[PDB]
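1. give me the fold of what follows.
(2 chains)
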There are 2 protein chains.
Amino acid sequence: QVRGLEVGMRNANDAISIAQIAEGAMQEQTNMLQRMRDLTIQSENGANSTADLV
Amino acid sequence: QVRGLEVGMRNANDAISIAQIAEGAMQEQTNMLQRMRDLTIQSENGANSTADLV
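-> Residues are numbered from 1 along each chain as shown, chains lettered A, B, ... in the order given. Structure data below:
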């Protein structure tokens, strides 16, 4: 039990790190998606032109 | 919402400018139309001649 738990402790510290990395990457995807929302709102002017939308 | 409104604010400032330019141009069309009214009234003298009306 004593040695079994010690390996089990390191087993869970590994799972924490995996969840930590995935969470960090999704934060950057959220910021870029917010910028796409602004461009879609900005792309709705009636003073733009065909070349401006491109 | 915060970033959405900020783009929306600039979206409406653009509409104000378009309405501002169109309004300015119609003012000058109004002044020239008034001068045409005076010429039509002036063109109704019985002391004019065929060459004067031209």
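
2. only C-alpha atoms from now on, for both contacts and neighbour counts.
-> Will do.

3. got the angle between the helix or strand hosting residue A:36 and helix B:2-42?
-> Secondary structure from DSSP states H and E places residue A:36 in helix A:2-42. Counting by axes from the mean of the first three to the mean of the last three CA atoms, to 10 degrees, helix A:2-42 points 0 degrees away from the direction of helix B:2-42.

4. which strands and helices sit next to helix A:2-42?
-> helix B:2-42 (3 or more CA pairs under 8 Å, 6 or more residues apart in numbering or on different chains; DSSP states H and E).

5. got the CA coordinates for the very next helix or strand once past the helix it packs on in PDB?
-> Downstream of helix B:2-42, the next assigned helix or strand under DSSP H and E is helix B:50-53. Provided in PDB are the C-alpha atoms of helix B:50-53 (Å, rounded to 0.1, in the frame of the first residue of the first chain):
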ATOM      1  CA  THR B  50     -36.500  87.600 -78.200                       C
ATOM      2  CA  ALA B  51     -32.800  88.100 -77.900                       C
ATOM      3  CA  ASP B  52     -33.100  88.900 -74.200                       C
ATOM      4  CA  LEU B  53     -34.900  85.700 -73.300                       C
END
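
6. any idea how far helix B:50-53 is from the middle of the chain?
-> Remark: helix B:50-53 is offset 30 Å from the chain centroid, using CA atoms, centre = their mean, to the nearest Å.

7. show me what it is in contact with.
-> Residues outside helix B:50-53 that contact it (CA atoms under 8 Å, 6 or more residues apart in numbering or on different chains): residue B:43.

8. now with 10 Å, please.
-> B:39, B:40, B:42, B:43, B:44, B:45 (CA atoms under 10 Å, 6 or more residues apart in numbering or on different chains).

9. same question for stretch A:24-42.
-> Contacts of stretch A:24-42 (CA under 10 Å, 6+ apart): A:43, A:48, A:53, B:3, B:4, B:5, B:6, B:7, B:8, B:9, B:10, B:11.

10. redo that, cut-off 8 Å
-> Counting by CA under 8 Å, 6+ apart, B:3, B:4, B:7, B:8, B:11 sit against stretch A:24-42.
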